[PDB]
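>>> Please find the sequence and an experimentally derived structure below.
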Amino acid sequence: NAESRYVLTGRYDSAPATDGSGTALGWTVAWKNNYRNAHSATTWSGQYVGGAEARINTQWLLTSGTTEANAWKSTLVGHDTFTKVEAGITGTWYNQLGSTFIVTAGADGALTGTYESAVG
Amino acid sequence: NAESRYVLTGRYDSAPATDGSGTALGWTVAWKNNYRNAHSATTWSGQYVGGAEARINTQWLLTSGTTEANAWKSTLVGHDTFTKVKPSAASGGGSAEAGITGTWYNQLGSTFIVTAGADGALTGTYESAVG
Amino acid sequence: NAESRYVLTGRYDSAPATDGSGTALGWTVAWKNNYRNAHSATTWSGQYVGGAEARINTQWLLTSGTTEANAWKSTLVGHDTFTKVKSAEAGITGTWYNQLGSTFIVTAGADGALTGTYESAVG
Amino acid sequence: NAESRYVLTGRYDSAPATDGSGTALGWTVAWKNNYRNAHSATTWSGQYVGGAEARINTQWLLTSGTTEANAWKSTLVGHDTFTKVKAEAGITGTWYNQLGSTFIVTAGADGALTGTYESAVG
Ligand SMILES: O=C(O)CCCC[C@@H]1SC[C@@H]2NC(=O)N[C@@H]21
Ligand SMILES: O=C(O)CCCC[C@@H]1SC[C@@H]2NC(=O)N[C@@H]21
Ligand SMILES: O=C(O)CCCC[C@@H]1SC[C@@H]2NC(=O)N[C@@H]21
Ligand SMILES: O=C(O)CCCC[C@@H]1SC[C@@H]2NC(=O)N[C@@H]21
């Protein structure tokens, strides 16, 4: 449903190394849509690993808007692994929590799509 | 200094709480441009606070493309604080869109040029003083 | 072998909640022993989760000594999950392995201490 | 004030490089004492940088005990910078961070850190 989806934008290395390395990428979701606002934003940073068991392996930082007095506890950290179900990255991915990451990788390095979190 | 400029894109909370809280935001740079490619990407996550000396306080994650055997050491973590220079150091009387929008510098001397849009987008250019 | 063993010390919550929650803990290794010195230290922060397949799930920060010009790239971050080889005190006490093949030997004491030895498969 | 202090233990590089690099260290506090229990633990990882304005610069991870369903939101991250009141002798003493929290530490000759922590926030 519309209510559960949030806009994402990011960037990826559109000319990765050819030495066996992964493809670096990152993206952001701000947790506001027309339905809800959690006053927070998550960024995922990680890499795409191609081949027989393709994955996007990430670490993330989730910052909430806080008063100055609460800033010390503004940021959560964690790690999400995505499995699928430029060409490599583009498609629909799910993580270990059941969240859905729908993304288009542009030839130029853009990532654009939607994120639906299974948790809140 | 074209060789040292990179595209950025991100998101922010375009309707922040009115309980005195900051405004959550984040953005990404992939470290490839038409001249150079570090095979890496940084994301910054943090919050904007307006006022007399506008500030964006962030933590960041810098992931390099690695082999699977080196993946354990793929990700650096750190923290940058940005202060505003253009159009001024102050948020200047406008909301989070206007307060965020402009040119900023961090403690390393890197330059963050950003335009914040009414429906949550951040679009700009980043230049790093280190790397 | 000896060359790859390092002293570890840490703390845990010796009176965790009895509401389905895990048990908070953390520990430190400085990567100096009598055979080598990497001029760095890792801390692991996480929780012990009990049951038929007990787990210690952690995130870590590995800081190297750097010059001030390189301090921006001093700290790696990552995550290790430990499973046990062969109360929270008894739960944590023993020998553990992570997804890298590293070995974690620890005694958790009634007063909240963690004392042991770490061997890294990649460090 | 016993009621506001928590036991810490950690390790540090007791033979750092002599090339101007800082001294790596880390420590842990479990947030349980005889008076209070937050069911959480913080680890600080960082480096001591000596000189006339010595500092211990850290990043930290604060993990709370959670149910499995809440584990995704178990761990806070941040950064504290410590200044010393008035590298073994370097580290040993009393330090305060930007929040006014107090870090009291003895550095042992072979790499141990032992002391107390008091947080000005909670
Ligand atoms: O609670 C909030 O402030 C907004 C929702 C955050 C959901 C987080 S983002 C990191 C993690 N991975 C997911 O798929 N969901 C959670
Ligand atoms: O070395 C790389 O892989 C690319 C350059 C990274 C520069 C980093 S991003 C985090 C920190 N903040 C800056 O302004 N620059 C450094
Ligand atoms: O390279 C170094 O500076 C020291 C060795 C570090 C090994 C790290 S600690 C985090 C991760 N978990 C392990 O078991 N090994 C690596
Ligand atoms: O809230 C808790 O779970 C226990 C107190 C945590 C206080 C934290 S530790 C990191 C940061 N630095 C401080 O000096 N205090 C806060």
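Perfect, I can see it now. Numbers count the residues shown, from 1 in each chain, chains lettered A, B, ... in the order given. Ligands and ions are numbered 1, 2, ... in the order given.
>>> Now chain A against ligand 2: closest residue?
Residue of chain A nearest ligand 2, by C-beta to the nearest ligand atom: residue A:24 (8.3 Å). For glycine as for every other residue, the C-beta is placed from the backbone atoms N, C-alpha and C.
>>> so what's the residue lying farthest from the centre of chain A closest to, chain neighbours aside?
Within chain A, residue A:69 marks the point farthest from the mean C-alpha position, 28.8 Å out by C-alpha atoms, centre = their mean. Nearest residue to residue A:69, sequence neighbours excluded (C-beta to C-beta, 6 or more residues apart in numbering or on different chains): residue D:121, at 7.8 Å.
>>> so which helix or strand takes in the one you found?
For residue D:121, there is no helix or strand it lies in under DSSP states H and E.
>>> wait, doesn't it sit right on residue D:101?
Yes - assessed by C-beta atoms under 8 Å, residue D:121 is found in contact with residue D:101 at 7.2 Å.
>>> Quick check: residues of chain A near ligand 1?
A:31, A:38, A:40, A:42, A:60, A:62, A:64, A:78, A:80, A:95, A:97, A:99, A:117, A:119-120 (C-beta under 6 Å from any ligand atom).
>>> who wins for most neighbours among these?
residue A:42 (26 neighbours; other C-beta atoms under 10 Å in any protein chain shown).
>>> what bridges to that one?
In this entry, residue A:42 is beta-bridged to residue A:29, residue A:62, by DSSP bridges.
>>> For it, give me its contacts.
For residue A:42, the contact set (C-beta atoms under 8 Å, 6 or more residues apart in numbering or on different chains) comprises A:28-29, A:31, A:60-63, B:26, B:45.
>>> next one: residue A:45
Counting by C-beta under 8 Å, 6+ apart, residue A:45 has contacts A:25-26, A:58-60, B:28, B:41-43, B:60-63, B:75.
>>> what bridges to residue A:24?
With DSSP bridges as the rule, residue A:24 is bridged to residue A:47.
>>> okay, now it: neighbour count?
Neighbours around residue A:24, by other C-beta under 10 Å: 29.
>>> if we can go back for a sec, keep only the residues of chain A next to ligand 1 that also lie close to ligand 3.
Okay, of the residues of chain A next to ligand 1, nothing touches ligand 3 (C-beta under 6 Å from any ligand atom).
>>> ok, so of these, who is nearest ligand 4?
residue A:64 (15.0 Å).
>>> Touching, residue A:108 and residue A:14? I think so.
Yes - the pair residue A:108 / residue A:14 is scored as a contact, 6.3 Å apart, by C-beta under 8 Å.
>>> So if I had to pick from these two, which one is more boxed in?
residue A:14 (18 against 11).
>>> residue contacts, the more buried one?
Residue A:14 neighbours (C-beta under 8 Å, 6+ apart): A:86, A:105-109, B:30, B:32.
>>> how does it look with 10 Å?
Going by C-beta atoms under 10 Å, 6 or more residues apart in numbering or on different chains, residue A:14 touches A:23, A:25, A:86, A:89, A:105-110, B:30, B:32, B:37.
>>> Same check on residue A:49?
By C-beta under 10 Å, 6+ apart, the residues touching residue A:49 are A:20-23, A:55-57, A:81, A:88, B:65-68, B:71.
>>> Farthest pair within those residues?
A:20 and A:81 (19.3 Å; C-beta to C-beta).
>>> Pull the number of nearby residues for residue A:84.
16.
>>> ok, residue A:28 touching residue A:112?
No - using C-beta atoms under 10 Å, residue A:28 is not in contact with residue A:112; the gap is 11.4 Å.
>>> Comparing the two, which shows the higher neighbour count?
Neighbours per residue (other C-beta under 10 Å) separate residue A:28 from residue A:112, with residue A:28 holding more: 31 against 15.
>>> Contact partners for residue A:78?
Neighbours of residue A:78 in contact, by C-beta under 10 Å, 6+ apart: A:42, A:44, A:58-62, A:97, C:59, C:79, D:71-75, D:77.
>>> Show me what it bridges to in the sheet.
residue A:60.
>>> any common contacting residues for residue A:28 and residue A:112?
With C-beta under 10 Å, 6+ apart, residue A:28 and residue A:112 have common neighbours A:7-10, B:9.
>>> Show me which of those is closest to chain D.
residue A:8 (17.8 Å; C-beta to the nearest C-beta).
>>> Give me the neighbour count for the closest one.
24.
>>> I'd assumed residue A:100 was in contact with it.
No - applying C-beta under 10 Å as the test, residue A:8 and residue A:100 come out as separate, 11.2 Å apart.
>>> Give me the common contacts of the two.
With C-beta under 10 Å, 6+ apart, residue A:8 and residue A:100 have common neighbours A:113-115.
>>> which of those residues count as buried?
Among the shared contacts of residue A:8 and residue A:100, those buried by neighbour count (16 or more other C-beta atoms under 10 Å in any protein chain shown) are A:113-115.
>>> Check these against chain B and report the nearest one.
So of those, ranked by how close each gets to chain B (C-beta to the nearest C-beta), first place is residue A:115, at 10.2 Å.
>>> partners of that closest one in the sheet?
Under the criterion used (DSSP bridges), residue A:115 bridges to residue A:6, residue A:101.
>>> Contacts only, for it.
Contacts of residue A:115 (C-beta under 10 Å, 6+ apart): A:4-8, A:27-29, A:31, A:42, A:44, A:93, A:95, A:99-103.
>>> If we use 7 Å, what do you get?
Under the criterion of C-beta atoms under 7 Å, 6 or more residues apart in numbering or on different chains, the contact list for residue A:115 reads A:6, A:8, A:29, A:99, A:101.
>>> next one: residue A:77
Contacts of residue A:77 (C-beta under 7 Å, 6+ apart): A:61, C:59, D:61, D:75, D:77.
>>> still on that earlier bit, looking at the contacts of residue A:45, which one is closest to chain C?
For the contacts of residue A:45, the nearest to chain C is residue B:75 (5.2 Å; C-beta to the nearest C-beta).
>>> where's that closest one relative to ligand 1, distance?
16 Å (C-beta to the nearest ligand atom, to the nearest Å).
>>> how about the residues of chain A near ligand 3?
Close to ligand 3, as judged by C-beta under 6 Å from any ligand atom, chain A has no residues.
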